[PDB]
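Residue numbers (the deposited numbering), protein chains in the order written: chain U, 6 to 137; chain E, 9 to 52; chain D, 147 to 385; chain P, 1 to 61; chain H, 2 to 97; chain X, 77 to 127; chain A, 1 to 226, 230 to 237; chain R, 225 to 352.
Ideal placement from N, C-alpha and C gives every residue a C-beta, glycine not left out.
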Amino acid sequence: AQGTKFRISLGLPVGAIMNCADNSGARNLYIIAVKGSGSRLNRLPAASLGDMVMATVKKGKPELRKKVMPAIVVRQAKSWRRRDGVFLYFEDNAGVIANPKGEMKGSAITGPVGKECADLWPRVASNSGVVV
Amino acid sequence: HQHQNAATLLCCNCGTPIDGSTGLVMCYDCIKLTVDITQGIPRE
Amino acid sequence: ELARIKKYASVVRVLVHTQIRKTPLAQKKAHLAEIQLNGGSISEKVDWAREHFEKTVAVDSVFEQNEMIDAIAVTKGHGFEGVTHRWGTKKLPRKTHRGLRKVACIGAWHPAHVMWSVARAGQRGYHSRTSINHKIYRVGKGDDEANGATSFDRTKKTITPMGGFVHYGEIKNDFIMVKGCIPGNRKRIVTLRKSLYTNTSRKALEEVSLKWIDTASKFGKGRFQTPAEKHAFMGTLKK
Amino acid sequence: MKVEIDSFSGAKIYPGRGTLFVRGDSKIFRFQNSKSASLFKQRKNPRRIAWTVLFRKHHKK
Amino acid sequence: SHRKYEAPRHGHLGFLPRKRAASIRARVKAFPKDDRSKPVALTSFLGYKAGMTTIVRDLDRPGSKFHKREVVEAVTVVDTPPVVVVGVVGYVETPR
Amino acid sequence: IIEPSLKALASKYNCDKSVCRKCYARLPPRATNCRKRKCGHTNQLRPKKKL
Amino acid sequence: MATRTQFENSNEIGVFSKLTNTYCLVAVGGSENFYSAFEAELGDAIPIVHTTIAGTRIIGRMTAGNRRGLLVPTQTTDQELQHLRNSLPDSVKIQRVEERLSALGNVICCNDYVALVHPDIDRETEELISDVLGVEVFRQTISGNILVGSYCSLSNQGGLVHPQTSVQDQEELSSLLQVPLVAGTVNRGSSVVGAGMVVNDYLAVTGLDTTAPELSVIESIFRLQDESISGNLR
Amino acid sequence: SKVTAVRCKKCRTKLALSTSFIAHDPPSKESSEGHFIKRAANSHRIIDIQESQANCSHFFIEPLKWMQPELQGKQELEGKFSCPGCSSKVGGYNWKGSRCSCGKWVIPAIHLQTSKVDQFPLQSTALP
């Protein structure tokens, strides 16, 4: 269900704890798997900006905790190349939780939102205050 | 003269009148039978 | 002898050599080469070379812009190289007695010989490679002060960066500027070839007009394009 | 094609050069090289570093 | 025993042997298909590689996300001086 | 909308065939044996199922 | 009046397009079927301009404008700027705006007369919104959400707002906007109602997954709705 | 009650009014017509039983004025038609049957599927 996205650098392997940008109670996200990943011996599947990852909530409201639910990555700390030329990188990692359609449970997103995440997912681009 | 005539929400599935706030804007008679029910199990 | 080629001899090559003296290399020895001709009516091929004995053959007559070419040259050399970096094999763990940058299992009991397919240490680099489908962007004239200049740029400059190309020197000659990497290091002879198959798909037909050519110093973190505008930014210096 | 000045000192950035930094309060910082970038993580003040442009503008050189 | 975790091969088999090539001048193994309708021209040319520099151009590819968009891209300058012809050589065809 | 004069024209090449039980081949309807050699020229033929 | 269509396979329209009174903007990567919904019903009344903003296709959320003016973010390239000023008429004013809150459409909800803006917008901007659009600028949040753009669609006739809003809060917005206000859902119950649809005086385009009870509520508050060819000839 | 109008989705045209509607309302519910029977090639062999849906998913209307250019020109025994401005499959004509999803039979039908068309009231607004 994932739209076409130009390749950016892979910066969030399995086991990463990224922050939770929206206001649905959760405080962080524990990434367990990445949708659409490949297959190779001993390779951890990695996330990027714009990918839809499976994540559990470790800290927050107990209604959200202890269940696996997919999530969209909205910031990345690894630098990446944009085609117009610049290398840019945020300060921290971030994500928003979502239903498997791609609709967003969060009402609004704090902080900046990556530009490539906005075009790939429309519901993120509705709730986003700042897009880079 | 502020006129906010809205009858807050009508429905999604059927055409039945006024629902309330907090969510669940779907007219409970619809959600009992229609959308999925998300049981999704064998009952036998 | 030339009449003997006209009777027999289905295909006709031409021996050419470079003009190494108009080049900032230390070498004074030219490279000789053959070039096959794809004209018609092989009496006309040898009549063309009969005229062009001791004549110069320009670059723009052969190649034009947007044409997909093939680059055939010899790779940079790296000497004797171990099995990890040569083939890209897995490194052994930390706890290994006598070596971790190796390959553990060479082969089974049978056959009682080392197979040719397994990975083993040896020479890496300095091989011949053919790299295909490179798009030419610019065919610049040598006796022209508008090498780096573009319709969108409008500044008088060569493509030679400030301080020259690193380890090479003075491009003030005709040049081919082709997209993406070519096998071979700097100073190396490179043989360019026409494409074998006519390619349609979408990419070969696309025409490019440049915006801007980077002529900042390649000797590291160059922050100015031309030495004319370095002096305007800093101002008067003591020297 | 646009030429942006350095956010750290004063230097011009030609396209395809240097990094960019988005601070967590949604502010965009541009850097020309690894020199002026690494002096930004150390919280160094560009009005006190001599080779910067903002230093020379302050002291009227 | 079987391999117990299947995995693709490391390396390519049609690029053996990794041995040093016989000269710095690489040969042309194959020249393109001769078409006798067109006039006489050359198929290959010699130059000396100098270095790399970056370029900026307007990408013009319809139905792409980067349509009418500037992309930076890396180009190589090969120094290409004019070349002078000193001889011809004619090849006859045998069964061998 | 098929105009069943044409359906009877179409059914001869598609529907009016016989099927070998072993090798599932599409055989002529009045044939006795399978023409394929991998099933040993068997005479165990069934009609193709009508819709 | 009340048309339904979808961009490539997504229901939402206000993300990918911007409908005003005098002009209309659309994203570039669409089928002919998406464009035909705008081309047939608008006709030659208003120009349908293909464009991109800041290298994206989400120009509905990035831009903000009305009858008189158009605001674009700072990241808009100059080549994309001149393409707008050529095709759009002489009357509209186009200005690049220096914001920390980059996406202007989520921040600003406006029409001919009244604008609602995100409350953390700064003072020097609030002069530039009034100067360009010619509109009085008000700071307020729809009941739970600071983003007044995505969660409140507005036009000259009325306004469709976020469903989880109390009646007393809808009263206080109605006094300020001087138009009647209706809570509703779009696209089989999505709360994103400002980006789920676009609207002006003549036209209101929605997603395909809008059910007919939702579309009936939309056409009522906007008052767009109003036959001989139907007849009985047996 | 008041009169109702059927407007086309994505065409926004009143395809059929009220004073129509041969609605045939009750299903049969017995074993041979309330159930969908899927026979086999021979010997009336029943392989599949399908229970009928709840509501009849069609609108059975009279032959109207705007169907007259499609019904006269290349008249056949079955076909389909469209909205007159978007050319999408809105309804079909069948002189055979095609009972309802819920099932009886009818007479010759002009069947107008309730997907991709919707029903409006022609009267004034409800004013909620």
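Query: My guess is that residue 3 (chain E) and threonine 211 (chain A) are in contact by the Cβ rule of under 8 Å, so how many angstroms apart are they, rounded?; Result: Any property of residue 3 (chain E) remains undetermined from this structure, which presents chain E solely from 9 to 52.
Query: Work out the CA separation of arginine 87 (chain U) and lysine 5 (chain H) for me, nearest whole Å.; Result: 41 Å
Query: So which of U:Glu96, U:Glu108, U:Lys83, U:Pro67 has the shortest CA-CA distance to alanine 31 (chain U)?; Result: U:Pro67
Query: So, helix, strand or coil for residue 365 (chain R), using DSSP?; Result: With chain R covering only 225 through 352, there is no way to say anything about residue 365 (chain R).
Query: With distance defined between alpha-carbon atoms, name the residue in A:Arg57, A:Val26, A:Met197, A:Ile59 nearest to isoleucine 46 (chain A).; Result: A:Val26
Query: Taking DSSP as the reference, what is the three-state secondary structure of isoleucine 58 (chain A)?; Result: coil
Query: Quick one: what does DSSP say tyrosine 154 (chain D) is sitting in, helix, strand or coil?; Result: coil
Query: With C-beta atoms as the reference, is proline 46 (chain P) less than 7 Å away from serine 7 (chain P)?; Result: no
Query: Just tell me which of H:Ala75, H:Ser45, H:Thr95 has its CA closest to the CA of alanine 179 (chain D).; Result: H:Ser45
Query: Using a cut-off of 7 Å between C-beta atoms, extract the partners of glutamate 300 (chain R) located in chain X.; Result: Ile77
Query: Compare the C-beta of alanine 195 (chain A) against all C-beta atoms of chain U and say whether one is closer than 7 Å.; Result: yes
Query: With 16 other CB atoms within 10 Å as the buried threshold, where does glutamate 12 (chain A) fall?; Result: buried
Query: Counting only Cβ pairs nearer than 7 Å, list the residues of chain U close to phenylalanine 67 (chain H).; Result: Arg88
Query: Does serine 112 (chain U) have its Cβ less than 7 Å from a Cβ in chain A?; Result: yes
Query: Give me the chain H residues within the contact set of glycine 55 (chain A), using Cβ-Cβ distance strictly less than 8 Å, ordered along the chain.; Result: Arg70
Query: Give me the chain H residues within the contact set of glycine 16 (chain P), using Cβ-Cβ distance strictly less than 8 Å, ordered along the chain.; Result: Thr55, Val57, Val73
Query: Taking 7 Å as the CB-CB limit, is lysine 126 (chain X) close to chain R?; Result: yes
Query: The alpha helix (DSSP H) spanning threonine 230 (chain D) covers which residue range?; Result: 229 to 233
Query: Identify the continuous beta strand (DSSP E) that holds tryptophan 358 (chain D) and give its terminal residues.; Result: 356 to 359
Query: Extract the residue ranges of the alpha helix (DSSP H) inside the region 123 to 185 of chain A, only unbroken runs of 4 or more that lie entirely within it.; Result: 123 to 133, 167 to 177
Query: At 4 residues or longer, and completely inside the region 82 to 123 of chain X: list those alpha helix (DSSP H) runs for me, N to C.; Result: none
Query: Rounded to a whole number of angstroms, what is the C-alpha to C-alpha distance between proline 40 (chain H) and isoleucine 188 (chain D)?; Result: 11 Å
Query: Could you tell me whether any Cβ in chain H is nearer than 7 Å to the Cβ of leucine 34 (chain U)?; Result: no
Query: Confirm, please, whether the CB-CB distance from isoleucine 129 (chain A) to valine 137 (chain A) is below 7 Å.; Result: yes
Query: Shorter than 7 Å from the beta carbon of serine 45 (chain H) to some beta carbon of chain D?; Result: yes
Query: Distance, Cα to Cα, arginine 21 (chain H) vs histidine 273 (chain D)?; Result: 6 Å
Query: Check each candidate in A:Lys18, A:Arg100, A:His83 and name the one with the smallest Cα separation from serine 155 (chain A).; Result: A:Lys18
Query: Whose C-beta lies closer than 8 Å to the C-beta of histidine 280 (chain D) among residues of the same chain, with five residues either side of it excluded?; Result: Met214, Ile215, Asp216, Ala217, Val324, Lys325, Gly326, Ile328
Query: Helix, strand or coil for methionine 59 (chain U), going by three-state DSSP, please let me know.; Result: strand
Query: Rounded to a whole number of angstroms, what is the C-alpha to C-alpha distance between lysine 191 (chain D) and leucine 183 (chain D)?; Result: 7 Å
Query: Buried or exposed, going by whether 16 or more other CB atoms sit within 10 Å of the CB of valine 15 (chain A)?; Result: buried
Query: Is the shortest distance between the beta-carbon of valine 3 (chain P) and the beta-carbons of chain U less than 7 Å?; Result: no
Query: Can you give the beta carbon distance from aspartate 320 (chain D) to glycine 368 (chain D), rounded, assuming they're within the 8 Å contact cut?; Result: Actually they are not in contact, since the Cβ atoms of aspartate 320 (chain D) and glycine 368 (chain D) sit about 25 Å apart, beyond 8 Å.
Query: Can you name the residues of chain R whose CB is closer than 7 Å to the CB of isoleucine 129 (chain A)?; Result: Near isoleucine 129 (chain A) there are no residues of chain R at all, since even the closest Cβ is about 33 Å away, more than 7 Å.
Query: Answer with yes or no whether the minimum CB distance from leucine 54 (chain U) to chain H is below 7 Å.; Result: no
Query: Quick one: what's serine 2 (chain H) bridged to in DSSP?; Result: Note: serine 2 (chain H) sits in no beta bridge, so no partner.
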